[PDB]
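Counting along the sequence shown from 1, when you hit position 31 you're at 731 in PDB author numbering, and nothing is skipped either side.
Backbone N, C-alpha and C fix where the C-beta goes; we use that ideal spot for every residue, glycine too.
In what follows, a single structure is set out as structure tokens and then discussed.
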Amino acid sequence: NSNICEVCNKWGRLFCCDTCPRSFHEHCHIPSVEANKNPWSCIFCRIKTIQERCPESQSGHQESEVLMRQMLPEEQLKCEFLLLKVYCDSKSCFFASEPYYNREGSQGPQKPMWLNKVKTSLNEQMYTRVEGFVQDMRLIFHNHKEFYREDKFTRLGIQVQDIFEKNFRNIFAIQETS
Ligand SMILES: [Zn+2]
Ligand SMILES: [Zn+2]
Ligand SMILES: [Zn+2]
Numbered sequence: 701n702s703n704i705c706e707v708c709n710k711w712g713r714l715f716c717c718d719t720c721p722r723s724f725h726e727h728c729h730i731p732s733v734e735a736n737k738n739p740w741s742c743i744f745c746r747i748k749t750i751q752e753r754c755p756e757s758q759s760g761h762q763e764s765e766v767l768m769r770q771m772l773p774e775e776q777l778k779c780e781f782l783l784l785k786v787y788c789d790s791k792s793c794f795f796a797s798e799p800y801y802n803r804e805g806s807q808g809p810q811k812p813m814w815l816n817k818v819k820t821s822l823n824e825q826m827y828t829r830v831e832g833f834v835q836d837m838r839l840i841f842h843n844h845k846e847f848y849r850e851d852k853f854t855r856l857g858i859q860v861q862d863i864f865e866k867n868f869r870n871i872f873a874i875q876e877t878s
């Protein structure tokens with residue numbers, strides 16, 4: 701197994717996957733690394749099994765159909781994995797915890813949102829469709845862009861939204877377009 705967390709790239713108290721060489725801090729894995737379970741398989745491995753069981757699941761899909769899907773166990777897992785892929789980028793730190801807004805010439809968003817809030821919402825099964833999760837994720841970057849206006853810090857929202865969107869298209873097998 702790797703000697704660093706796959707998510708945050710630090711050492712520490714690491715749980716090792718039994719079916720791949722990745723390792724995780726407990727609360728870096730999503731869902732949090734399960735209490736017992738030997739063997740234990742990471743989210744990466746679980747996602748790969750879904751694909752292997754249903755190879756046609758990789759054929760192109762339309763985003764509008766994906767968004768309307770109910771949050772059955774496989775969709776739940778795919779959103780947890782997509783959330784994790786965002787935390788994998790170090791720039792996710794700026795969007796992880798509850799923000800506050802006090803900048804001359806701007807007003808804070810009407811509906812603040814952050815990654816740990818989406819993480820709790822997934823854990824508490826608060827989303828009934830994929831659309832719920834994707835709208836809260838996109839809201840994080842949209843709030844950032846609007847608040848920071850012409851400050852160059854706006855770019856951090858563009859950067860981490862690009863990671864989200866690439867991974868959304870990969871995990872949900874969105875039909876490739878020009
Ligand atoms: Zn970690
Ligand atoms: Zn694994
Ligand atoms: Zn099949």
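Problem - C728: CB within 8 Å of a non-hydrogen atom of ligand 2 - result: no
Exercise for the section: Use the C-beta contact count for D851: other C-beta atoms within 10 angstroms, 16 or more gives buried, fewer gives exposed. Expected result: exposed
Practice task
Specify which residues have a beta carbon nearer than 7 Å to any heavy atom of ligand 2, listing them in chain order.
Solution key: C717, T719, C720, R722, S741, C742, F744, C745
Handout entry: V818 vs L856 beta-carbon contact at 9 Å
Key = no
Handout entry: Beta carbon nearer than 6 Å to a non-hydrogen atom of ligand 3
Key = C754, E756
Problem - Between the CA atoms of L815 and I840 - distance to the nearest angstrom - result: 8 Å
Exercise for the section: Assign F853 to buried or exposed, taking buried as 16 or more other Cβ atoms, counted over all protein chains shown, within 10 Å of its Cβ. Expected result: exposed
Problem - Contact set for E763: own chain, Cβ-Cβ below 7 Å, skip 5 residues either direction - result: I874
Practice task
State yes or no: is the C-beta of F853 nearer than 8 Å to some heavy atom of ligand 1?
Solution key: no
Problem - Inside the segment 766 to 798 only - alpha helix (DSSP H) runs reaching at least 4 residues - result: 773 to 787, 793 to 796
Problem - Exposure label - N703; buried when at least 16 CB within 10 Å - result: exposed
Problem - Candidates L772, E804, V860, of which the one nearest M826 by Cα - result: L772
Problem - Inter-stretch contact at 8 Å, needing at least 3 Cβ pairs: the segment 798 to 812 / the segment 746 to 753 - result: no
Exercise for the section: Quick one: residues in its chain with C-beta nearer than 7 Å to the C-beta of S797, no 5 flanking neighbours on either side, listed in chain order? Expected result: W814, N816
Exercise for the section: Determine, using beta carbons only, whether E775 and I730 come nearer to each other than 9 Å. Expected result: no
Handout entry: Neighbourhood of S723 by C-beta, 8 Å cutoff - its chain only, sequence neighbours within 5 removed
Key = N701, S702, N703, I704, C705, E706, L714, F715, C716, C717
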